[PDB]
């Protein structure tokens, strides 16, 4: 029926929003002899409806398919048409597919810069950017930008994150937490810093959040942050370290934090200033865990923190002055655990603790 019609006589808008018309057009695009011509005819007729098709249940398939065939000039004009609408497109079920494919097949920087302009405050508010980051459909467009574009383009993402308390809105959200991690994994160091300042400022709102705890831990894996983050975290948490060790989500961060102190000092046998404060903080921690040993060994979450501190496998090579202050105050904590060991017979993890006191002796 439609196959018997000359391409020049096709009603491309009509076909584009139809499942079979759109599929017919796609197959025509995959047909080398007719690919170029069907593209150029289709293009001129559908260009006033670029936004419409991008959002269309079937049209979004055509737009995507077209991205593999459009000239640079054709794709540029397409982006010039719809860049102000990037918010609307990104939250859209079908629009998100179209935009990802467009972003994924940019030909040059002129096209990239247009998209970025769309995400700037001239067309998309900070609040809207935040919405996209947490949105079911939008977070995929943000991730696309994050993995396709140079970090020199990340301005609009950064601005939205550091705005007031948006670090909480983003970090404590199922989707935003993921995006932020993707961002941090590719960010420039100076961008990581700007976000880190905001994370530390709102640490209590993140440290024990179901998703926020993951952000803190992620930050702890970035080595270029050691020179300040270890002291910063601990100075903001020390007075409530026992509390945080006894909470579901923050207990993992304390464990992560403690293992990092061990890994840094052991590896010394990483820059020098870090080693200095790490030694100091570790000792203070043992003091804190010693004082509160009554609660930590008894807590449903705290015992994990304690066990991490006590595990000799973490600190074998530590067995100048510090290597003797540790051996004293951790050895002292070891014997103190023994005294309480009978007072927790009923618990499921007594034998796990008993093995650690046992493995202490074998290397002592």
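Positions refer to the first chain, counted from 1. Think of the rigid core as the biggest set of C-alphas that the two forms share within 1.5 Å after superposition.
- RMS Cα deviation from the shown model in 4 other deposited structures of this protein, rigid core fit, is larger for 270-278 than for the other stretch of the pair 270-278 / 75-83.
- For 24-32 versus 301-309, the mean Cα distance to the shown form in 4 other deposited structures of this protein after rigid core alignment is larger for 24-32.
- Residue-level annotation: residue 320 lacks coordinates in a third or more of the other entries compared, counting only those that model residues on either side of it.
- Per the record, residue 269 and residue 270 are separated by a gap of 10 or more residues from the deposited sequence that were not modelled.
- According to the entry, the deposited sequence places 10 or more unmodelled residues between residue 319 and residue 320.
- The question of which stretch, 35-43 or 333-341, has the higher mean Cα B factor is settled in favour of 333-341.
- In this entry, 320-328 shows the higher mean Cα temperature factor of the pair 44-52 and 320-328.
- Sorting 203, 126, 99, 291 by the CA temperature factor given in the entry leaves 291 at the top.
- Across 152, 172, 280, 166, the entry's maximum B-factor at the CA atom is seen for 280.
- Per the PDB record, residue ranking by Cα B-factor puts residue 257 in the middle third of the chain.
- Ranked against the other modelled residues of its chain, the C-alpha B-factor of residue 26 as given in the entry falls in the middle third.
- Among all modelled residues in its chain, residue 305 ranks in the middle third by Cα B-factor.
- Placement of the Cα temperature factor of residue 273 within the chain: highest third of the modelled residues, per the deposited record.
- Per the deposited record, the Cα B-factor of residue 148 falls in the lowest third when ranked against the other modelled residues of its chain.
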